[PDB]
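Let's start with one chain on its own, the form deposited in one PDB entry, as structure tokens.
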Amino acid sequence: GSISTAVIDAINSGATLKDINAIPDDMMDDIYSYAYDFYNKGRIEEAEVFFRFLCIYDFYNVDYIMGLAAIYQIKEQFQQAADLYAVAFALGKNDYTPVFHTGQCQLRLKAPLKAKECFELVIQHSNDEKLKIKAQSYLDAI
């Protein structure tokens, strides 16, 4: 998957497509919009291909990662989703939305203490009051 690609790229230390600016920013924006067009019309398999394409090109992009993580979560590929959410959080450290979704994934993966830690972090650190309510509703259940 997208993480494997990122690690293989890092091990080999060869020139990537991003290194040579093979795809312009505006074209990447277009592909991203097309990815969401597919997603919004329920063409999830095509959206997944498009988000995988984007993440091969530019793995270290929070919005690309978030798109793909959303797909894996819908498909109940919870571990894969949780992993990408954690990448997304790391690169965009100020948004607790990926931490909240990691919590949901962890609960489904039968790791309630890990999920609790996620929801607690949202409550402690997020300024998103609506997200905090959602996190608390999960904490109440666990």
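Shifts are known only where both forms have a C-alpha. The first residue of the sequence shown is number 1, and the count goes up from there. In this text, rigid core is short for the largest set of C-alphas that superpose within 1.5 Å between two forms.
Mean C-alpha B-factor is higher over 17-25 than over the other stretch, the pair under comparison being 130-138 and 17-25. Note on 82, 91, 35, 70: the highest value goes to 91, judged by CA B factor as recorded. Among all modelled residues in this chain, the alpha-carbon of residue 54 has a temperature factor (C-alpha) in the lowest third.
Ranked by Cα temperature factor within the chain, residue 104 sits in the middle third according to the deposited record. Ranked within its chain, residue 31 lands in the middle third, by CA B factor from the PDB record. Looking at the C-alpha B-factors along this chain, the one for residue 61 belongs to the middle third. Annotation for residue 117: C-alpha temperature factor in the highest third relative to the rest of the modelled chain, per the entry.
FYI, the form deposited with a partner chain bound isn't displayed, but the following is about it.
Though the partner is left out of this view, residue 74 does reach within 4.5 Å of its partner chain in the deposited bound form, counting heavy atoms only. For residue 70, a non-hydrogen atom is located within 4.5 Å of its partner chain in the deposited bound form, even though that partner is not displayed. Once the rigid core is overlaid between the shown form and the other one, residue 25 does not reach a Cα shift of 2 Å, moving by less than that. Superposed on the core, the two forms barely differ at residue 127: its CA moves less than 2 Å between the shown form and the other one. The distance between the CA atoms of residue 57 and residue 10 is at least 3 Å longer in the deposited bound form than in the form shown here.
Between residue 17 and residue 53, the Cα distance is greater in the deposited bound form than in this structure, by no less than 3 angstroms. In a core-based superposition, a mobile segment is defined as at least three consecutive common residues whose CA atoms each shift by 2 Å or more; between the shown form and the other one, just one such segment exists, spanning 2-22.
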